[PDB]
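To start, the structure itself, in structure tokens.
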Amino acid sequence: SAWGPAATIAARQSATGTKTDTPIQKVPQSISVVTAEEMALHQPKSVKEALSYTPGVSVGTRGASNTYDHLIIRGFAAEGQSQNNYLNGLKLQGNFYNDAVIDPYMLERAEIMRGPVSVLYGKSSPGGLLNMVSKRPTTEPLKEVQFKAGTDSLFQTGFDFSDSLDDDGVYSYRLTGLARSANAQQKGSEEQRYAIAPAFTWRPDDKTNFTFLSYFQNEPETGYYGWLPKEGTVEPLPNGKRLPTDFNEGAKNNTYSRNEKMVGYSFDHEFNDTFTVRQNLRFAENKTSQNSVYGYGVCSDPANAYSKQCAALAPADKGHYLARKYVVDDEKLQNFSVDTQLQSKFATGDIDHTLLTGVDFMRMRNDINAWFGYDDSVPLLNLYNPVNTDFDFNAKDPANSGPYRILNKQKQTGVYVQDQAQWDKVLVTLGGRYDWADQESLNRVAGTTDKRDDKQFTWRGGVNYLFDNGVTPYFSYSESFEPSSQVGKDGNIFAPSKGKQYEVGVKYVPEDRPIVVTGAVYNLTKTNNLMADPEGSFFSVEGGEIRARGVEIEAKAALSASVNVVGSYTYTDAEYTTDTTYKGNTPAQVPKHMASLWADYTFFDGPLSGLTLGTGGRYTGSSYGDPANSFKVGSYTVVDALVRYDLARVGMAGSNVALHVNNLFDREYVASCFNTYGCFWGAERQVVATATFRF
Amino acid sequence: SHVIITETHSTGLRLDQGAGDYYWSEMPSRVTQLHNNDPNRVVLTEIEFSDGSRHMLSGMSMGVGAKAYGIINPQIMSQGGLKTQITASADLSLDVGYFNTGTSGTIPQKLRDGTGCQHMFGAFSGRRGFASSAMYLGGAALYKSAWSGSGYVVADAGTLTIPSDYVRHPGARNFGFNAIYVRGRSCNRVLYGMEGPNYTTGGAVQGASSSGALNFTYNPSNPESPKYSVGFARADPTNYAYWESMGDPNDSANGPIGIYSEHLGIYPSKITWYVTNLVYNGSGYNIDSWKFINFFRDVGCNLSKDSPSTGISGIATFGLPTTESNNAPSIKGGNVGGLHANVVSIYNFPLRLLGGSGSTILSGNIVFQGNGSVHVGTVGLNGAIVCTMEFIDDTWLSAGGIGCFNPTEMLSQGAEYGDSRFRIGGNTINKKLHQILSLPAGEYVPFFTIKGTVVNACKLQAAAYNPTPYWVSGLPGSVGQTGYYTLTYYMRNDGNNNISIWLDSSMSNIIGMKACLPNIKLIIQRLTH
Ligand SMILES: CCCCCCCCCCCC(=O)O[C@H](CCCCCCCCCCC)CC(=O)N[C@H]1[C@H](OC[C@H]2O[C@H](OP(=O)([O-])[O-])[C@H](NC(=O)C[C@H](O)CCCCCCCCCC)[C@@H](OC(=O)C[C@@H](O)CCCCCCCCCCC)[C@@H]2O)O[C@H](CO[C@]2(C(=O)O)C[C@@H](O[C@]3(C(=O)O)C[C@@H](O)[C@@H](O)[C@@H]([C@H](O)CO)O3)[C@@H](O)[C@@H]([C@H](O)CO)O2)[C@@H](OP(=O)([O-])[O-])[C@@H]1OC(=O)CCOC(=O)CCCCCCCC
């Protein structure tokens, strides 16, 4: 029952909402954290599946794809389906297809922060961010080796070694790594990942903690990142059947690689009881190279209206020939982030202030050598009898394809002041942040460059009344901004898409019972969103606004010494309040109702002492398949089981042999669709026999 | 049966009604009847200038103002646009055309319903999708190409098919043309605008006195469908004409704008129609105050270049083969050099139609990749001939490359040779151009020039959107790459009764084009005493 006092007690402390070590009851926003114990219990494939039982986040939008940790938090994502993940309070600043992904096995805590939190993290999506704290070295010698053998030829070998070099524990290290090799659900696609995170910690005393954090990951084959039509996944094919859940529409030589080399540290130093400084930095050199042929809806799709290959087909056969497109991408992203904070814990009479003043600098340079295959660039796939053929990518025909070579430079310096004034029980968390966000982009095909330097100020004022019994009602208005990467009819980059949120809720976090029940009702609006041109042009325009009012209830409660219920619920009324073509429509891949419930019973007495039979069922409501709301993806209820039995009874203390069955009922469900041409099948039933030995 | 001139009607050339440069005059009633109600009668038009220079109309001419762009962001959208402006004249280097005085407006405005009118063609397409190539949908919709590159096909039943009665052609005889305008410059290659009609607008042509406006706006309510539009309009040849809300803001990323017409320096003052007794039957000619044609009024007839290669690499204007008022051949204006002027001999008080007439149809789509001539046809029959350029198909305005065939086929890396027209429906218009031509043995006599000033527009000078380089090696800095070409058709006398047809192109900043031969039913009858 390691996760017992870890999901309800050790999960109470969080440093994402306020960038200072405060309990979640003292954070005036919806923040959910999952400790490494929950990560080990659920054994998620990515951080998304780790955040399955947290409200406000749609983690299964891409289905069986595990390429990126793309989360639609509160109905909002980043610019152009980008990632908004922070690792050690520092953003995994990825651009275009070059997005950083950290294995959940290689993290000690994933704190998802919901709502505008740009007051501390610079530019961010209005939905929120995800903070995945690394596995810092432990002073207690831990030598863990884990083997994950499961379906789809998943053979993951991992290890996690940490020990104190000297007797006093001044020098402690942690060399954690893994080597997974699995075939994707889609027939033909394989997913390989080789991640290593050597970490070194230096502790002169109990005041200073300089831990060097690195993370090197190599993915020779990321997996499947293609699109499928709504005509075959959601709607039946014209013959009445549906596309199989293991359908890969890519070429026989589809390639998708990623390589992350992150080197940094997390420096903590406490001068006195009233002045403690912190500093996190990390340089990440991410490289991705992909040769992907992705489907673009069947030939009857509006998008493939003429599409000569589609036109040459018989009118009755245009409804089941999948017109596809190819992309040949090669990147090298050099990200650098610095976040220096000075936490001044002082008092003014009765009030006790925690004045966090800091400077945050993030610099990302991302060159892109990509070639895009436009409409009618690859042969159509006959969904009735598909044939996988080696589509060569060097034959870059300029008639139906065009280069996309660009050097995306992004820089941001942020000075923020945050004051957590606590008087009696009225904790007033008032913050503000001035961001000097600069962005360049050099189109190397032509030679043009466009630059935009944004100076956006975002603030968050929250008031929490920490009642003695445990329920702490809170209300907070928090701002966010996220500069656009698009240019208008004038060739100038747009103003940042600012995000405002008025969130009211309670956090029942008693100091005696192990229950972390949390509620929240928010009115999150993303102003200055980019919409289609009112006139007859295909450019973008400012003035768009997406407003999402939602109610989120989270319940993490250890009912008994054995039972551990970790549930959630999310009602999300996202809507384009102001738009030209989608006014009144609900955004795609945003289900109105999301619910989840995880209950695990840990046997402790009797012949079965050690078992952890836990069954959890995540429900996702019906979501619109396109922004035009032409069709709705059906609602599905996936059930994940877990049969974990520790080997302490056998004799190997700490070692546990588990059996995780994701989607226990093998439900064939379409996870989500962002348009009629792009749909993602859900992951099928997957058993994973995990045996983590504390050798 | 000798070739004689039965009637000769002369007139001045007025400049009133706001003509400015279009020296115009109502044709005599007899000349109007013989030009409209009796098309098959070979009447020779002779222009007399203020310097005493005399020139006979011989051969067609053309001028295009094409402007194309292909901007695309692979994550956001894709946009295309093709605005051409075809202006044609009834003389090889002069701007000679016919118009109806009944049309309201100034003399250039009267040209909106006559020949020498900038037949503008527009195709604005696009889509907001991932890796969309809807930039090339305008080319598919506007141009009826079998296929040459890769992209979309738009069926004729869907897109706009301009009726052949809506496109005026110098030498169109089914129309009512009672006045003629002659300008000392060449055809107006009015270069303006980059996009067709704008959807979500009325589609009206704002900017010039347009006429015959045809639009096909494909604007489905589905936001994920490639929207496009096709527009055609006959507008003022001397004024910038554009569709509503689709003007040209003259950025560096869009090339220049202007009504280009290379002046020859001469100013017309008199027009004389020599009504010969040559009646054109369809496969030659038959013989039906009294002047005779010989090879003593010496009138400049045509040019005779030694080699088709003008060697100008750009707009290669041919000087007008005039004749001073002292019976001496000369050449006035022009950029090309080395031309020899040939003169007919008209006198009043006897060459005769030689038996056997050769006729050919200049059909095909010759793909060019640089300055260089090519043998595009042959005629199966001294070098004195009478020629009629009968256009059996309305593809004359599709003749000439870059913006006249499909400015999205240049992307393909192979010999296209695709039948890429302008989608002009039917041929219910009589298009005839009678002309007497002297063809010296071995020398090349031009009879059709397609001088064209084009710009490979870039719309946006932004790094987000990559402009498609159609007929250029690239678009550095996303600036519009202005191009020029002078596709010229030469008629040479081989000496073995074979009148070979040679087409010479003179590009500048253009990697190549496809020049659709304008289906000319070239009919030659050699005459010599
Ligand atoms: C002791 C306590 C810690 C104390 C820690 C203190 C650190 C503070 C550092 C802050 C400054 C910074 O951010 O430092 C970064 C990261 C370095 C690592 C940091 C430590 C990590 C980990 C820290 C330690 C953890 C414990 C440098 C970088 O990122 N460099 C990458 C570079 O791109 C960025 C460049 O532009 C930017 O400005 P821009 O122009 O873009 O605006 C930068 N200016 C800034 O930031 C200013 C900033 O805003 C001011 C604010 C500062 C805030 C500080 C506060 C905070 C202070 C905190 C206290 C500029 O930096 C500098 O100017 C130097 C200085 O700043 C760094 C020195 C100190 C750090 C190192 C010691 C390390 C420290 C000692 C550690 C032992 C830089 O040069 O591209 C190279 C490739 O170039 C080409 C190639 O040909 O392919 C050609 C190129 O073309 C061109 C061309 O464009 O260049 C043009 C052509 O015409 C032609 O001329 C052509 C020519 O032919 C070519 O010569 O060049 C182009 O085409 C690209 C293409 O784009 C491909 O993408 O490709 C890459 O090579 P690659 O990828 O091929 O290998 C390279 O990556 C590699 O070097 C990185 C290698 O990692 C490893 O070593 C890490 C080892 C760590 C130890 C390991 C663990 C130990 C146990």
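The numbering of chain A matches Swiss-Prot: 53-747, in order.
Note that Cβ sites are derived from N, Cα and C of the backbone, with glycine treated the same way.
With respect to the membrane, A:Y346 and A:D520 are annotated on opposite faces, judging by the topological domain names in Swiss-Prot. Taking Swiss-Prot as the reference, the stretch among A:154-162, A:343-351, A:478-486 described by the feature transmembrane segment is residues A:478-486.
Matching A:54-62, A:360-368, A:738-746 against Swiss-Prot, the residues noted as transmembrane segment span A:738-746. Taking a C-beta cut-off of under 8 angstroms and a sequence separation of 6 or more, A:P566 (site 'Interaction with phage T5 RBP-pb5') has the following same-chain neighbours: A:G56, A:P57, A:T60, A:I61, A:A609, A:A610.
Under DSSP, the residues of the topological domain 'Extracellular' (A:269-312) split into helix, strand and coil as follows: 0 helix, 12 strand, 32 coil.
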